[PDB]
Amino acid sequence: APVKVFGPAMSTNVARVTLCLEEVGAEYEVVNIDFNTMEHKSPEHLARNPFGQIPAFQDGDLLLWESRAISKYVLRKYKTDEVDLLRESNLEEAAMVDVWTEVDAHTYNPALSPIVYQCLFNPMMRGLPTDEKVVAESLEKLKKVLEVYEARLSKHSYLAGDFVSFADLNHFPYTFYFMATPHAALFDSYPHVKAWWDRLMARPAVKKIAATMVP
C-alpha cells in the first residue's frame, strides 16, 4: 500500500522524506497541505502532527512527524542489501552517518538555511524583504563550515566514508534551494564540496525530487 507524505512537494523537509522514498523505490503519495489556508493547523493535520508543522507521514495506522524520524523509518522498513543508507549493519559506519546527519542539523543548515530564507523564501514566497546583515553573517559562517567539508570530502567521496548515505541525502534539499540564490557560485571555491554536490545531483532519485521542487 502507499505510504503517504503530508505537505507541499516544494517543502525542503518534504523533499528529505520523498528523496529517501525514491532512493529505496517505495510506492508513496504526496497529499498537499495548503499553508495559504492554514491546513497545517487544521484539526485533521494536528491528528498527524500535534505541533501543526509539515511534513507528516502515514504508513497504514502509523502517523509520524519530524522529517528525519520519518526518513529513518523509510530507510529501515525498505532496507535491501543493495540500499543500506544507514549502515546499521556496521557500528562505526552507522556512527559516521549519525555524526554528519547531526552536523547538517546543528552546524551546516543553521549557516546555509537563512541565506535560502532571506534571498529566496522571503521575497518569492512571503513578500517580506532580504536582511543583508543576516546574509553577510551566515555567508561568513558558511565559508568556515565549507572549509571543514572541503577537508572531509578530499579524503572520502561522501561525508560518512566512501559510500553515499543518509548523511549526504540530508544536505540535498536546503542546498538545492541555496543553488537557486545569487550565492550558488560560493561552492565553486570548494572544488571537493562541489564535486560531491554534482555526484548527488546526478543520482536518479535526486533528479526526480529536484523536478518536484518548483512552484
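For every residue, the number given is its place in the sequence shown, counted from 1.
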Check your understanding: Is residue 110 left out in a third or more of the other entries?
Key -> no
Check your understanding: Are coordinates for residue 40 absent from at least a third of the other PDB entries that model its neighbours?
Key -> yes
Practice item. Look up the CA B-factors in the entry and say which stretch, 41-49 or 23-31, has the higher mean. Key: 23-31
Exercise for review: Can you let me know which of the two, 106-114 or 90-98, has the higher average C-alpha B-factor in the entry?
Suggested key: 90-98
Review point. Which one of 36, 170, 67, 175 shows the biggest C-alpha B-factor in the PDB entry?
Key: 36
Check your understanding: Which third of the chain holds residue 152 when residues are ordered by C-alpha B factor: lowest, middle or highest?
Key -> lowest
Review point. In terms of the CA temperature factor given in the entry, to which third of its chain does residue 55 belong: lowest, middle or highest?
Key: lowest
Point to revise | Position of residue 134 among the chain's modelled residues by C-alpha B-factor, lowest, middle or highest third | key: middle
Check your understanding: By its CA B factor, does residue 125 count among the lowest, middle or highest third of the modelled residues in the chain?
Key -> highest
Point to revise | Entry-reported Cα temperature factor of residue 195, expressed as the chain third it lands in | key: middle
